[PDB]
Every structure is written in C-alpha cells, then in structure tokens.
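This document starts with one chain, in the form deposited in one PDB entry, laid out as structure tokens.
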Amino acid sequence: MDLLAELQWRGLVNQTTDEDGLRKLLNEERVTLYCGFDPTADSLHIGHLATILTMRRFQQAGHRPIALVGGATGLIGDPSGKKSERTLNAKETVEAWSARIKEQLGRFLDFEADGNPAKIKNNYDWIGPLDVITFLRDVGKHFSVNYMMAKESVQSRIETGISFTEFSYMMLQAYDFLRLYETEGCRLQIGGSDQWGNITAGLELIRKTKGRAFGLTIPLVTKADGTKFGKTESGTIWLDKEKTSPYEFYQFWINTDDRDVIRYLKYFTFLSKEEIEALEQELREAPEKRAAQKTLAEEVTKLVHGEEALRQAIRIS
C-alpha cells in the first residue's frame, strides 16, 4: 500500500505478479517473503545490494524476511542473465563460499525483532537429500518442456546452447518457493530483474500442488551513460572489506555521476522522499559541491561497513 507505493516511487519495482492482491495482503498481514543468493564467489558484491536493502525495507515495514543461501543451486547454476554456460564449482568451494555469504547477509537484517525477525536458510538442507526419482516425479510432472523453453533464461540460450543441468535449475528454485511456502508460510518471493521466470516457475509449482502467493522483481540498476552498473576499471566492488576496502567502497559511490546520483539515493539509501528531493534541488543549484554524492557515499558505506569504517574512509580521502 504505502510500502509498495514507496518502492514504486523509488523505482525498485520491475514487475509484480498481481499488484493489487499483493498490496492488499501486505496491508492486512505480516508477510513472510524470501530472496535467494547463490554462492558464485566468496563474497557478495554491489550487484546484490538492491535486493538486499529491499529485503530490509520490507522488514522495517513489519514483514518477515528469509535470506536464502543457495547451497544446493550454487552447485547447478542459474543461466538467468548469463549469455554463457558456466563452469561447475566444487561442493567444497560452494560449501566454503556459503559460510561467508551467510555472514555478509546477516549484516543487513534484524534478528532481535520479535514478530518479524529474519531467518537465513540454505536450500542444501532440503535439496541435498532429495533423490532424483522423487524430484522427477514430485516436481517434474508439474512442468511441460514447452512452458520451460519459453522462459527468458532459456529462450535466451538454445542456439547459444544450454546443458540439461542449467535448463533444470528453474525446477530447483521452483521447489524452494514451495518448501518455504509450506514450512514458513512464505507468500512472496523477490529477486532481481532476471529472476522473473524462476519466480513464476515457483508460482506454477505452488498453484499446481495446492491450488495465494506473489512475486516481485527489482529492475536492473541503470547508468545514464549506458554502461554496466558496478563495472569498474578496478573490477568488482565487493562487500568484503578485504577485497574492496572501505576507502575504495566509499570512493566508488563518491564518484557517482550527477546523472545517476538521484536514482542511486532512492535505490540504495534509507533517506526520506523529502530528503532525497531536497538533495535533488541542491544538485540543481550547486553541483560542484557534490552533496548528493557524499550523502550517498556515507549512507551506503555505513550500511555495509559501519561508521568507524566510514570514518577511516573519510579521513583516508
């Protein structure tokens, strides 16, 4: 209602399976929602900040967030948003990366809150032990190959090529939604832009097994110059202070182009509409001062690394 209207003002709504039904439920109950993160490295990066902070915004509005660590799916790999087949990482690798990712996730969510404290979960727990036969019958009977082939993630790749491995990824995410729906009362799944197909697949599966739940995607973060958000000359801006120091983290935001700063404040910060607007007028009137750029840099660095870390970044600058 107002949460949903606010996200919209901010631009964090790409798509929604049924906006009025979701607004309605958000307005009448504490909604359990989840978001999945697959260990594809030993650290999350700024590419994950939008869904993460979005989770946070949902928690502040009274809902209960589940951060799902992709222990099982990180072992298959999501073709979604990938032009090319990826290499399979080893269980040992994935297993190790999961532990860390778990650690950075927990930074952004509230565990003390009574009524809506977060949960961090690993799909390895229910996928690890599932036998193929069970999977093929209990999940697979519900999907036709034709439904699956039309998916953006797959349509996107059949000429390009895609193994059966990645083609099936979608069934596993489908299955996560169902299990979470069942054991946690999960009613909403959120994800980036590219997760649309995978989310609606979970919806398909719930619908066909139960006959009530929603999906919401966050848009790909844009740059006015048409380049790839977070694509630096330095390489990736990580959330691990040992990969990307607080000083570098800080610099990255402080170098936001005047053209992007206002969209980034809305996306990445907890500043009000009136604070964001005020900054917009200050950017108009005094753009060499770089007020919007320091506020973003401070806000986001504090979020991710905390105040002391920010203090250093500042004094190092």
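A residue's number is simply how far along the shown sequence it sits, counting from 1.
Below, we refer to the form deposited with a small molecule bound, which is not included among the displayed structures.
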**OP:** Indicate whether the candidate residues 40, 176 and 189 are all in contact with the small molecule in the deposited complex, with contact defined as any heavy atom within 4.5 Å.
**Re:** yes
Original post:
So which of 236-244, 158-166, 189-197, 128-136 is the stretch with heavy atoms within 4.5 Å of the small molecule in the deposited complex?
Top reply: 189-197
**OP:** Taking 4.5 Å between heavy atoms as the contact cutoff, choose which of 140, 81, 219, 185 touches the small molecule in the deposited complex.
**Re:** 219
Subject >> Proximity to the small molecule in the deposited complex, single hit among 56, 263, 290, 48 (heavy atom within 4.5 Å) >> reply: 48
Original post:
in the deposited complex, does residue 153 have a heavy atom within 4.5 Å of the small molecule?
Top reply: no
Original post:
residue 34: heavy atom within 4.5 Å of the small molecule in the deposited complex?
Top reply: yes
Original post:
Is residue 68 close to the small molecule in the deposited complex, meaning a heavy atom pair under 4.5 Å apart or at it?
Top reply: yes
**OP:** Please check if residue 73 has a heavy atom lying within 4.5 Å of any heavy atom of the small molecule in the deposited complex.
**Re:** yes
